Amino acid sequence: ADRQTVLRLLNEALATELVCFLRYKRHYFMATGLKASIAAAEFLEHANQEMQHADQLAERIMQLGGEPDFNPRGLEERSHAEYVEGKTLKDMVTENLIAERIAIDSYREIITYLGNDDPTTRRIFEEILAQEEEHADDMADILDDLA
């Protein structure tokens, strides 16, 4: 694989995970204000899992001799997912489902781009992808009870 291209894709994924962490933290706090207990619990669980994903990505960046970009200024422009506050609980759940589906689609594209060229990095994306699918299922379950 091209080392620089893999490092850029890892840093884009890192930005995605950090944006999703911040968005889920926002939603957790707002959900506590609505007394939406299980939604809040899922938002916080998901936030901490996104930070675990960020950690795995940054560790791989270090292993490949790159530098992980945690600068908040450019995060949104490196991330495929958006930071969106929303107003209602339904808005927040919908925005998280949108973001998880974006992350899923982006990680599938990265896995295909990598092919057989960097198996270690590929497996990291495969593991994260599987957990984003669980995140999306979690959000869909809540969203269906709000429709």
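The numbering used is simple: start at 1 and walk along the sequence shown.
22-30 and 117-125 differ in mean CA B-factor, and the higher of the two is recorded for 117-125.
For the segment pair 48-56 and 74-82, the entry gives 74-82 the higher mean B-factor, averaged over Cα atoms. Compared with the other modelled residues of the chain, the Cα B-factor recorded for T112 ranks in the highest third. When the modelled residues of the chain are ordered by their C-alpha B factor, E100 lands in the lowest third. Among all modelled residues in this chain, the alpha-carbon of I38 has a temperature factor (C-alpha) in the middle third.
Looking at the C-alpha B-factors along this chain, the one for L64 belongs to the highest third.
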